[PDB]
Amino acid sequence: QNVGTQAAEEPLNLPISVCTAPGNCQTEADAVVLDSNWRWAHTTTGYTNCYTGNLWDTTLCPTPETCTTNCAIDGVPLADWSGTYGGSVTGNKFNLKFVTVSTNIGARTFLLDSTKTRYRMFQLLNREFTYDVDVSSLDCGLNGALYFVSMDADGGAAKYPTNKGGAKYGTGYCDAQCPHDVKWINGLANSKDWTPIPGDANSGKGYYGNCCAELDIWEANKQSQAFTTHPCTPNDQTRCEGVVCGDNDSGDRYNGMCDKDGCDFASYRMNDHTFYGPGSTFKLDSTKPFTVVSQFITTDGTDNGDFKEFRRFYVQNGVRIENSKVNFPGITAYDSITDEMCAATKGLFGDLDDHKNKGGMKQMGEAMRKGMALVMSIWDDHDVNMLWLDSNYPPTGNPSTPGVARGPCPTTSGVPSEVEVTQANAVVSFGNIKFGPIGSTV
């Protein structure tokens, strides 16, 4: 995309901590940038929309190349962050409102480095990543997500010279779902064969998808939470078409370059329904804030080893809370993501181990070694109504069959039109982000 001249781009300042030992950290003066999908797209030498509602203008965008020549994405000024997009920062806390009323629904954002010209790339192997979260106002059907993806640090600017904005304009998004709803891919409008998504007034799908590796630290609302590894072959940003995208709609979910299911550790799905929930007698009380700690263990305990284990623990009101465990007869009580856990649990659930097909923890680790961009988002799910996260999936499945039940939400929950009314004022908060060696962040 070209860059427009109507509004300066002003990312929100967000300090994080880089740590060397427990309680010995230094501030890193980073910032938050809005994903290019949420930006106004208009004519390069005017005010005329190139995209309105869920459609590209066919006169301006008869082809992707013409669209890209004629159109530009514009900046987010400071005033518009809260007023238009529902984003705000107080000290080291970042807040994202779900619906902001001209009416904005959801948000996806990235962490910029201290220069505000590149994404802050995290080399996560043999490191610990930690943050405080509040998901108390997110119920069934919503997801306040924090995760990493194998985006380029410059959003693709060096690879795709028609991308003028780079990381500064939140470009280059890709993930392990190979999404077609990304409006700008490889420096070009994804306007070919663009199709609105029914019941989604703001979104559509273009000819291409954009694939890359994804490490989900946090997919969650107050009812259920998960962390998940998604390797791809290769891991780096890859525009896809046809079978390579692994499109759900053509029966290709397991035929593409990315592991779409991922290998998940989701406490409720692993059959501990009392670990996490909205109340003081759950082990971890989702009505109150808490700290989420993630440790990325290698084979030799060094930065050069292969990724072998994703460990997790929590801190809430000064109380250390170890992760829940897998709880099925004849299955080891795993409390972390490893290749063995993935094989054993997917075996039990009858899920295809595409994680293993894509190179497993080792391949996931190669993405983490090269460095990944931090994503913070809030969203509802127009495909599957978040049932995969917090309900029975498939909805018609027996909840006593291992793998089906992922949370207590009813299978009628999560319809975007309903959650966008009922949960309009939901806000996820991510704060006090800390990064360092294992054992350094609490």
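For every residue, the number given is its place in the sequence shown, counted from 1.
Student: Residues with no coordinates between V101 and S102 in the deposited sequence, how many: none, 1 to 3, 4 to 9, or 10 or more?
Tutor: Gap size class: 1 to 3 residues without coordinates, per the record.
Student: So 216-224 or 191-199, which one's hotter by mean CA B-factor in the entry?
Tutor: Averaged over C-alpha atoms, the B-factors run higher in 191-199.
Student: I need to verify one thing: averaged over C-alpha atoms only, is the B-factor higher for 81-89 or for 305-313?
Tutor: The recorded data point to 81-89.
Student: Looking at the C-alpha B-factor values in the deposited entry, which of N385, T44, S377, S391 comes out highest?
Tutor: Among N385, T44, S377, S391, the highest C-alpha B-factor in the entry belongs to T44.
Student: Tell me which of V182, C71, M361, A167 tops the list for C-alpha B factor in the record.
Tutor: Most elevated C-alpha B-factor of the set, per the entry: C71.
Student: Please say which third, lowest, middle or highest, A266 falls into when its CA temperature factor is compared across its chain.
Tutor: Lowest third, going by the recorded CA B-factors of the chain.
Student: Using the B-factors in the PDB entry, rank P22's C-alpha atom against the chain and give the third, lowest, middle or highest.
Tutor: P22: CA B-factor falls in the highest third of its chain.
Student: Split the chain's modelled residues into thirds by Cα B-factor; is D353 in the lowest, middle or highest one?
Tutor: CA B-factor rank for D353: highest third.
Student: Lowest, middle or highest third: which one holds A426 when the chain's residues are ordered by CA B-factor from the entry?
Tutor: It falls in the middle third of the chain.
Student: Which third, lowest, middle or highest, does the CA B-factor of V32 fall in along this chain?
Tutor: For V32, the deposited C-alpha B-factor lands in the lowest third.
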